[PDB]
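Shown next, in structure tokens, is the structure this report addresses.
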Amino acid sequence: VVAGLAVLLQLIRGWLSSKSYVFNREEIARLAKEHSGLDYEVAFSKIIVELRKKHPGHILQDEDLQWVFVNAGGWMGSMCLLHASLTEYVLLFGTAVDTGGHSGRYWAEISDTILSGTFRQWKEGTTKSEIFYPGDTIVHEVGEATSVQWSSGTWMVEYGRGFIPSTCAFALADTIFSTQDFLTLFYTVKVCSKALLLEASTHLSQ
Amino acid sequence: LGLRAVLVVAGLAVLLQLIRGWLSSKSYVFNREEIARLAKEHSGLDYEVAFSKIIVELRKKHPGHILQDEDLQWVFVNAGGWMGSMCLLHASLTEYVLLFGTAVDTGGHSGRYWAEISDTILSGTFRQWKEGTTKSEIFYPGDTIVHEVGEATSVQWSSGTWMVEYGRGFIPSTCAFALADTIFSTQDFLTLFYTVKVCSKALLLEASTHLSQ
Amino acid sequence: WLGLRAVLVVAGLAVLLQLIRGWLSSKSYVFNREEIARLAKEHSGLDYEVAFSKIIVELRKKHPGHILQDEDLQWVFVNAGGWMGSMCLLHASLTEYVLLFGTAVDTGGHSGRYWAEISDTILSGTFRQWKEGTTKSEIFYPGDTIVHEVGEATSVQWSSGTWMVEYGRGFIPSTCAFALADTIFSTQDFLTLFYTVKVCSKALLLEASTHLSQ
Ligand SMILES: Cc1cc(OCCN2CCOCC2)nn1-c1ccc2ccccc2c1
Ligand SMILES: Cc1cc(OCCN2CCOCC2)nn1-c1ccc2ccccc2c1
Ligand SMILES: Cc1cc(OCCN2CCOCC2)nn1-c1ccc2ccccc2c1
């Protein structure tokens with residue numbers, strides 16, 4: 001099993017290393033930084049329009065968009081899932097309250113471009129934290145674990161790469177053992193299923 | 001489409017119709033406006049004096065329904081990522097009245113349950129973030145917030161927030177959320193014992209009052 | 001009055017507690033809360049990085065063979081009771097532990113109710129403590145020393161730069177259940193759990209090796 005799971009990780013990491021992707025972290029970061037310094041609602045709408053223009057058939061429609069609460073690692077915010085597959089996902093994340101906690105250690109590289117508010121990150125193994133402002137882009141690398149903190153008006157555009165199904169375990173831990181808000185769990189499963197079916201339908205049409 | 005699960009769906013539906021029918025026709029003791037007004041009368045005063053005056057008024061207008069001072073104690077409450085303390089004045093299978101608040105800065109998930117809850121802030125601040133929005137509102141002493149049935153919001157409190165809270169609905173379902181952090185995070189089973197203790201005392205007081213009538 | 005196994009299990013657990021509590025009175029610990037408190041208060045009001053180094057040097061001087069070496073030191077995240085910080089474990093046994101705790105973010109939550117008396121001397125930042133059964137909290141500043149007694153439960157809150165020297169006495173294995181609750185049911189950071197078990201095992205083996213050499 002030692003060589004078994006090692007070869008399995010060789011196969012999975014080889015697929016992630018050779019898989020023609022749709023998005024890239026630089027693309028979403030530039031598109032978000034162009035609209036940084038504006039109202040986060042205007043930035044959200046313009047970014048959604050640009051994403052559907054440059055990537056048709058990959059972003060959910062306005063009818064299928066909804067703010068879903070996200071409780072994880074001790075912080076609470078809300079997300080609007082724009083795209084999601086087995087290796088990529090794009091969403092609009094943020095909170096209207098002061099929260100913070102564990103960022104989560106998962107098999108996925110995540111990039112967050114702050115549109116408004118503040119982002120305090122406390123990296124592992126240090127005794128000092130850094131504060132990031134609108135326009136900045138933060139890269140949560142694979143296997144990294146940090147402490148995150150957000151202000152009462154933080155909103156950002158987030159893109160994640162890697163083995164996405166592994167990350168959902170962390171995204172639903174507090175919803176199971178703390179909030180017990182199973183309706184929010186249903187909303188998350190619903191919008192994720194819609195994004196997966198949209199990506200599957202787009203693959204079928206091609 | 002026919003299956004035994006269709007009967008389970010209709011069975012839960014008729015079970016809900018029966019339970020919601022009981023909740024819709026059950027002569028209650030308190031009402032949210034009564035508790036809200038009594039708490040708003042004492043807003044702008046020292047919250048300890050307000051607590052005492054509210055307890056005296058509740059025991060005057062509703063004898064045999066509020067616990068005595070011997071059975072009152074501040075119990076910590078950890079739920080949804082926030083932490084506060086409660087003083088349970090009355091509790092039944094459909095209603096409960098308590099004095100809630102925190103002396104530290106906490107916040108998190110308000111909880112989605114089968115109960116309508118009303119909180120009248122005596123002192124401090126209350127930040128509420130409703131579901132599906134991108135902006136939150138801040139409520140000040142005197143305000144009254146109604147957390148409706150099935151609603152889920154994000155709450156945040158200051159380092160000196162204190163309020164009088166009244167809840168209506170299917171109370172036993174809500175206790176699962178009130179003890180989640182106490183089981184999987186704090187593991188402070190002594191606080192769990194205190195919560196079960198004051199809950200049992202309030203239920204037995206209400207049962208004894210019904211027996212005397 | 002047919003207690004049967006019930007009246008005996010109650011008395012059995014009572015005898016076990018008297019056995020353990022007698023052992024804690026006859027264990028003749030190495031450190032004491034006043035010793036660690038003074039050593040931390042001497043360097044309060046200075047940079048917490050400099051204070052950490054001087055306290056580690058003083059601890060290794062006055063108690064050789066009881067503090068981990070620099071090779072075995074690493075900052076490990078600590079998630080418990082709803083708050084998140086970091087620790088640097090200097091010494092740990094079955095009845096004592098010494099570490100440098102603190103956080104660089106604003107956190108707070110349940111202090112945890114366990115079978116151990118804990119003393120924290122703040123080097124920098126602020127410490128808000130909310131005792132059970134009260135409606136007001138107190139704020140402690142660098143130089144102060146807070147004693148979380150056995151069986152006590154308070155609400156803790158720390159600022160974005162709070163750092164302290166902490167010493168714990170009592171039945172240490174019971175406390176690890178609370179220290180790893182959020183890491184299991186909230187963070188799911190199994191690598192941090194591995195780090196915690198790693199540094200804890202190193203401290204236990206160091207103390208065992210020092211006892212064997214004596
Ligand atoms: C995996 C995951 C982590 C997370 O946390 C908030 C994002 N950021 C994380 C790091 O920095 C702070 C905020 N949400 N989320 C998620 C939740 C639900 C999802 C549903 C479908 C697809 C991806 C889905 C992804
Ligand atoms: C069900 C429940 C929710 C809760 O949360 C704090 C209240 N508020 C909620 C919304 O707004 C913020 C604060 N406590 N609680 C509870 C806990 C223990 C109880 C024991 C006996 C009777 C009712 C008992 C009720
Ligand atoms: C049991 C425990 C609680 C805790 O919390 C931080 C300490 N303080 C608590 C009260 O005041 C605020 C901070 N860490 N910790 C721990 C974690 C890992 C340990 C490993 C080995 C030995 C003791 C070990 C002890």
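Note on naming: chains are A, B, ... as they come in the structure tokens, residues start from 1 per chain, ligands start from 1 in the order shown.
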
Long-range neighbours of residue C:150 as a PyMOL selection string, 7 Å cut-off, only C-alpha atoms, 4 positions minimum in chain: chain C and resi 114-117

Output file for the selection above: N, CA and C atoms, as a compact mmCIF listing (two decimals), in the first residue's frame:
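This is the output file result.txt:
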# COMPACT_ATOMS: atom_id res chain seq x y z
N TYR C 114 -10.36 21.29 32.34
CA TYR C 114 -9.53 20.10 32.37
C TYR C 114 -8.93 19.95 33.76
N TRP C 115 -8.22 18.84 33.97
CA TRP C 115 -7.62 18.52 35.26
C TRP C 115 -6.18 19.02 35.32
N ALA C 116 -6.03 20.34 35.26
CA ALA C 116 -4.71 20.95 35.26
C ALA C 116 -4.82 22.43 35.61
N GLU C 117 -3.95 22.90 36.50
CA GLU C 117 -3.85 24.31 36.82
C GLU C 117 -2.83 24.96 35.89

Please identify the residues whose atoms come within 6 Å of ligand 1, using only C-alpha atoms and all ligand atoms, and report them as a list in words. residues 84, 89, 103, 167, 168, 171, 188 and 192 of chain A

Got a sec to tell me which of stretch 100-194 of chain B DSSP assigns to strand (DSSP E), as JSON, numbers by chain? {"B": [100, 101, 102, 106, 107, 108, 109, 115, 116, 117, 118, 119, 120, 121, 122, 123, 126, 127, 128, 129, 137, 138, 139, 144, 145, 146, 147, 154, 155, 156, 157, 161, 162, 163, 164, 165, 166, 167, 168, 169]}

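Around ligand 3, using only C-alpha atoms and all ligand atoms and a cut-off of 6 Å, the residues in contact are residues 92, 97, 111, 175, 176, 179, 196 and 200 of chain C.
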
Can you tell me which residues come within 6 Å of ligand 2 when counting only C-alpha atoms and all ligand atoms, ideally as a VMD selection string? chain B and resid 91 96 110 174 to 175 178 195 199

Keeping only N, CA, C and O atoms, take the residues you just selected and write them out as a PDB file, in the first residue's frame.
ATOM      1  N   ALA B  91     -38.772  28.206  30.839  1.00  0.00           N
ATOM      2  CA  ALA B  91     -38.567  27.302  29.714  1.00  0.00           C
ATOM      3  C   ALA B  91     -39.621  26.208  29.759  1.00  0.00           C
ATOM      4  O   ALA B  91     -39.863  25.620  30.818  1.00  0.00           O
ATOM      5  N   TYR B  96     -39.534  29.768  25.907  1.00  0.00           N
ATOM      6  CA  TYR B  96     -38.457  29.949  26.870  1.00  0.00           C
ATOM      7  C   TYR B  96     -38.109  31.427  26.960  1.00  0.00           C
ATOM      8  O   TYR B  96     -38.159  32.144  25.959  1.00  0.00           O
ATOM      9  N   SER B 110     -25.957  32.033  13.734  1.00  0.00           N
ATOM     10  CA  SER B 110     -27.082  32.182  14.652  1.00  0.00           C
ATOM     11  C   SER B 110     -27.851  30.883  14.843  1.00  0.00           C
ATOM     12  O   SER B 110     -28.537  30.724  15.859  1.00  0.00           O
ATOM     13  N   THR B 174     -34.089  22.825  19.022  1.00  0.00           N
ATOM     14  CA  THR B 174     -33.048  23.844  19.085  1.00  0.00           C
ATOM     15  C   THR B 174     -31.885  23.451  19.986  1.00  0.00           C
ATOM     16  O   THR B 174     -30.778  23.962  19.795  1.00  0.00           O
ATOM     17  N   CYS B 175     -32.113  22.573  20.966  1.00  0.00           N
ATOM     18  CA  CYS B 175     -31.060  22.201  21.904  1.00  0.00           C
ATOM     19  C   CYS B 175     -29.913  21.450  21.236  1.00  0.00           C
ATOM     20  O   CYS B 175     -28.800  21.447  21.772  1.00  0.00           O
ATOM     21  N   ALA B 178     -27.559  24.194  20.284  1.00  0.00           N
ATOM     22  CA  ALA B 178     -27.015  24.891  21.444  1.00  0.00           C
ATOM     23  C   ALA B 178     -25.897  24.113  22.128  1.00  0.00           C
ATOM     24  O   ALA B 178     -25.161  24.691  22.933  1.00  0.00           O
ATOM     25  N   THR B 195     -26.566  23.179  31.759  1.00  0.00           N
ATOM     26  CA  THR B 195     -27.644  23.454  30.815  1.00  0.00           C
ATOM     27  C   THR B 195     -28.782  22.454  30.980  1.00  0.00           C
ATOM     28  O   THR B 195     -29.956  22.837  31.036  1.00  0.00           O
ATOM     29  N   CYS B 199     -32.536  23.397  32.461  1.00  0.00           N
ATOM     30  CA  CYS B 199     -33.632  23.014  31.580  1.00  0.00           C
ATOM     31  C   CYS B 199     -34.595  22.064  32.278  1.00  0.00           C
ATOM     32  O   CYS B 199     -35.817  22.207  32.153  1.00  0.00           O
TER      33      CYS B 199
END

Counting only C-alpha atoms, a student should be able to say which residues of chain C come within 6 Å of chain B; what is the right answer, written as a ChimeraX atom specification? /C:81,112-113,133,136-137,181-182

Written file, previous selection with N, CA, C and O atoms, as a PDB file, in the first residue's frame:
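Just written: selection-v3.pdb:
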ATOM      1  N   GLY C  81     -11.297  25.320  21.625  1.00  0.00           N
ATOM      2  CA  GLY C  81     -12.334  26.139  22.226  1.00  0.00           C
ATOM      3  C   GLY C  81     -12.859  27.282  21.379  1.00  0.00           C
ATOM      4  O   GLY C  81     -13.576  28.150  21.885  1.00  0.00           O
ATOM      5  N   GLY C 112     -11.427  25.962  28.158  1.00  0.00           N
ATOM      6  CA  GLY C 112     -11.349  24.535  28.379  1.00  0.00           C
ATOM      7  C   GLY C 112     -11.353  24.194  29.853  1.00  0.00           C
ATOM      8  O   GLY C 112     -10.674  24.852  30.648  1.00  0.00           O
ATOM      9  N   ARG C 113     -12.122  23.179  30.231  1.00  0.00           N
ATOM     10  CA  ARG C 113     -12.191  22.704  31.608  1.00  0.00           C
ATOM     11  C   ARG C 113     -11.502  21.347  31.659  1.00  0.00           C
ATOM     12  O   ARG C 113     -12.001  20.369  31.092  1.00  0.00           O
ATOM     13  N   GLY C 133     -19.985  32.707  35.674  1.00  0.00           N
ATOM     14  CA  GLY C 133     -20.922  33.233  36.642  1.00  0.00           C
ATOM     15  C   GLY C 133     -20.912  34.733  36.816  1.00  0.00           C
ATOM     16  O   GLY C 133     -21.572  35.236  37.732  1.00  0.00           O
ATOM     17  N   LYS C 136     -19.118  40.650  33.799  1.00  0.00           N
ATOM     18  CA  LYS C 136     -18.061  41.572  33.413  1.00  0.00           C
ATOM     19  C   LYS C 136     -16.753  40.813  33.242  1.00  0.00           C
ATOM     20  O   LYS C 136     -16.509  39.801  33.906  1.00  0.00           O
ATOM     21  N   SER C 137     -15.918  41.311  32.340  1.00  0.00           N
ATOM     22  CA  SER C 137     -14.619  40.723  32.053  1.00  0.00           C
ATOM     23  C   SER C 137     -13.509  41.687  32.449  1.00  0.00           C
ATOM     24  O   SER C 137     -13.727  42.890  32.612  1.00  0.00           O
ATOM     25  N   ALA C 181      -9.662  19.014  19.909  1.00  0.00           N
ATOM     26  CA  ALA C 181     -11.052  18.926  19.472  1.00  0.00           C
ATOM     27  C   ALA C 181     -11.276  19.719  18.190  1.00  0.00           C
ATOM     28  O   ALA C 181     -11.824  19.195  17.212  1.00  0.00           O
ATOM     29  N   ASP C 182     -10.857  20.987  18.175  1.00  0.00           N
ATOM     30  CA  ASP C 182     -11.040  21.809  16.984  1.00  0.00           C
ATOM     31  C   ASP C 182     -10.204  21.303  15.817  1.00  0.00           C
ATOM     32  O   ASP C 182     -10.606  21.450  14.658  1.00  0.00           O
TER      33      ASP C 182
END

Show me which bits of chain A are within 10 Å of chain B, counting only C-alpha atoms, as a PyMOL selection string. chain A and resi 40-41+66-80+94-99+152-155+174-184

For residue A:13, work out the shell of residues within 12 Å, counting only C-alpha atoms and skipping chain neighbours fewer than 3 positions away, then give it as a PyMOL selection string. chain A and resi 5-10+16-19+87+107-108+142+161-163

Chain C contacts to chain A at 8 Å (only C-alpha atoms) as a list in words: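 Here they are: residues 74, 75, 76, 77, 82, 83, 84, 103, 104, 105, 106, 107, 161, 185, 186, 187, 188 and 189 of chain C.
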
Prev. selection, N, CA and C atoms, output as a short mmCIF file (atom, residue, chain, number, x, y, z; two decimals), in the first residue's frame:
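Result file follows (again_27.cif):
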data_model
loop_
_atom_site.label_atom_id
_atom_site.label_comp_id
_atom_site.auth_asym_id
_atom_site.auth_seq_id
_atom_site.Cartn_x
_atom_site.Cartn_y
_atom_site.Cartn_z
N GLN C 74 9.74 24.04 17.27
CA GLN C 74 9.03 24.54 16.11
C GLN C 74 7.70 25.11 16.57
N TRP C 75 7.26 26.17 15.89
CA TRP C 75 5.98 26.78 16.19
C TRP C 75 4.87 25.91 15.61
N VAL C 76 3.97 25.45 16.47
CA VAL C 76 2.87 24.58 16.09
C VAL C 76 1.57 25.33 16.34
N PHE C 77 0.67 25.29 15.36
CA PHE C 77 -0.64 25.91 15.52
C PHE C 77 -1.45 25.16 16.59
N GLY C 82 -12.50 27.31 20.10
CA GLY C 82 -12.94 28.36 19.21
C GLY C 82 -11.91 29.43 18.91
N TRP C 83 -10.72 29.34 19.51
CA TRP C 83 -9.63 30.26 19.24
C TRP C 83 -8.47 29.54 18.57
N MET C 84 -7.58 30.33 17.97
CA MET C 84 -6.43 29.79 17.25
C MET C 84 -5.19 30.60 17.59
N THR C 103 -0.72 34.51 19.91
CA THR C 103 -1.34 34.60 18.60
C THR C 103 -1.00 35.93 17.95
N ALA C 104 -0.90 35.91 16.62
CA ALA C 104 -0.71 37.11 15.82
C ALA C 104 -1.99 37.55 15.13
N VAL C 105 -3.13 36.98 15.50
CA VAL C 105 -4.44 37.37 14.99
C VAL C 105 -5.36 37.55 16.19
N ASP C 106 -6.52 38.16 15.94
CA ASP C 106 -7.51 38.38 16.98
C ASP C 106 -8.38 37.13 17.11
N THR C 107 -8.24 36.41 18.22
CA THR C 107 -9.02 35.20 18.46
C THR C 107 -9.49 35.18 19.90
N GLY C 161 -1.33 40.59 18.75
CA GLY C 161 0.09 40.49 19.02
C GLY C 161 0.38 40.02 20.43
N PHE C 185 -12.62 18.27 14.53
CA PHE C 185 -13.98 18.54 14.09
C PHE C 185 -14.15 19.88 13.40
N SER C 186 -13.09 20.68 13.29
CA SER C 186 -13.21 21.99 12.67
C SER C 186 -12.14 22.21 11.61
N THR C 187 -10.87 22.21 12.02
CA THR C 187 -9.78 22.53 11.09
C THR C 187 -9.42 21.34 10.20
N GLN C 188 -9.48 20.12 10.73
CA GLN C 188 -9.06 18.92 10.01
C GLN C 188 -7.64 19.07 9.47
N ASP C 189 -6.80 19.74 10.26
CA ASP C 189 -5.38 19.91 9.94
C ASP C 189 -4.59 18.79 10.61
#

DSSP on the backbone, alpha helix (DSSP H) only: what residues of chain A does that give? Format it as a ChimeraX atom specification. /A:2-18,25-34,40-54,164-171,173-177,182-205

Just want the 12 Å neighbourhood of residue C:24, counted on only C-alpha atoms, with same-chain residues fewer than 2 positions away dropped. Output as JSON, numbers by chain. {"C": [17, 18, 19, 20, 21, 22, 26, 27, 28, 29, 94, 95, 96, 115, 116, 117, 169, 170, 171, 172]}

Keeping only C-alpha atoms, write the selected residues as a PDB file, in the first residue's frame.
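Output contents, as saved in part_38.pdb:
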ATOM      1  CA  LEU C  17      -8.992   9.969  42.287  1.00  0.00           C
ATOM      2  CA  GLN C  18      -7.577   9.833  45.822  1.00  0.00           C
ATOM      3  CA  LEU C  19      -4.709   7.723  44.474  1.00  0.00           C
ATOM      4  CA  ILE C  20      -3.985  10.187  41.659  1.00  0.00           C
ATOM      5  CA  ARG C  21      -4.431  13.296  43.813  1.00  0.00           C
ATOM      6  CA  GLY C  22      -2.090  11.743  46.370  1.00  0.00           C
ATOM      7  CA  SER C  26       4.086  13.448  46.221  1.00  0.00           C
ATOM      8  CA  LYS C  27       5.483  14.005  42.708  1.00  0.00           C
ATOM      9  CA  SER C  28       7.897  16.801  43.706  1.00  0.00           C
ATOM     10  CA  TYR C  29       7.692  18.667  40.394  1.00  0.00           C
ATOM     11  CA  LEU C  94       3.047  13.590  32.465  1.00  0.00           C
ATOM     12  CA  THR C  95       2.368  16.225  35.154  1.00  0.00           C
ATOM     13  CA  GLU C  96       4.026  19.441  33.893  1.00  0.00           C
ATOM     14  CA  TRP C 115      -7.622  18.517  35.261  1.00  0.00           C
ATOM     15  CA  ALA C 116      -4.709  20.953  35.264  1.00  0.00           C
ATOM     16  CA  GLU C 117      -3.846  24.314  36.818  1.00  0.00           C
ATOM     17  CA  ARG C 169       0.510  21.473  36.439  1.00  0.00           C
ATOM     18  CA  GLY C 170      -1.745  18.454  36.925  1.00  0.00           C
ATOM     19  CA  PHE C 171      -2.983  15.435  34.985  1.00  0.00           C
ATOM     20  CA  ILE C 172      -1.631  16.476  31.583  1.00  0.00           C
TER      21      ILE C 172
END

Mind checking which residues fall within 7 Å of residue C:122, counting only C-alpha atoms, ignoring those fewer than 4 positions away in the same chain, and posting them as a VMD selection string? chain C and resid 141 to 145 163 to 165

Shell around stretch 202-205 of chain C at 12 Å using only C-alpha atoms, local window under 4 positions removed, as a PyMOL selection string: chain C and resi 65-69+71-74+88-99+172-173+195-198+209-212
